[PDB]
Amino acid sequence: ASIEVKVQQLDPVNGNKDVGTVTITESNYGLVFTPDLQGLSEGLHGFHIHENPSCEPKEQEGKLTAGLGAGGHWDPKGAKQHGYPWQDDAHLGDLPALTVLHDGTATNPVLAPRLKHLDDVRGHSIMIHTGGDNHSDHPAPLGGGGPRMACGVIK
């Protein structure tokens, strides 16, 4: 029971770059996401499972935008609302925020209690945003994650 996801920093122009991996394992309380990332900006970053198994950029109003190919937050139960990892009426893809230390590394594992089986995340993508995550659609949509900084396709 384990999936090692290769994660890359997104740059539609200069090119993407490997920043490490995120290993997903099953615990008695839900899926555990264990990062081993580097070269990221210090702080808390929005961390979610997105609908499409793609990290490719997509054209948006005449602008090749990073990670748009991944689609929106994975929401199989139609919550149509961004929320907490422990909130039942929030996107099923809403994970705890990722902590990146001063040295640009992330190794602190986080639990997603609503995700129970590894197979459930296969066929999707995992996204790391430039901004944080206040687990609400206010004052900013999707927790204020904003732009997509890094991404990995979940095989």
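Just count from 1 along the sequence shown to find any residue number.
Student: On average, are the C-alpha B-factors higher in 30 to 38 or in 63 to 71?
Tutor: Between 30 to 38 and 63 to 71, it is 63 to 71.
Student: If you average the CA temperature factors over each stretch, which comes out higher, 89 to 97 or 115 to 123?
Tutor: Higher mean C-alpha B-factor in the PDB entry: 115 to 123.
Student: Out of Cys55, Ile128, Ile49, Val110, which shows the largest CA B-factor listed in the entry?
Tutor: Highest C-alpha B-factor among the listed options: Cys55.
Student: Sort the modelled residues of this chain by their C-alpha B factor and say whether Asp11 lands in the lowest, middle or highest third.
Tutor: Its C-alpha B-factor belongs to the highest third of this chain's values.
Student: Report the third (lowest, middle or highest) to which the CA temperature factor of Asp137 belongs, ranking only the modelled residues of the same chain.
Tutor: Ranked within chain, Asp137 CA B lands in the middle tercile.
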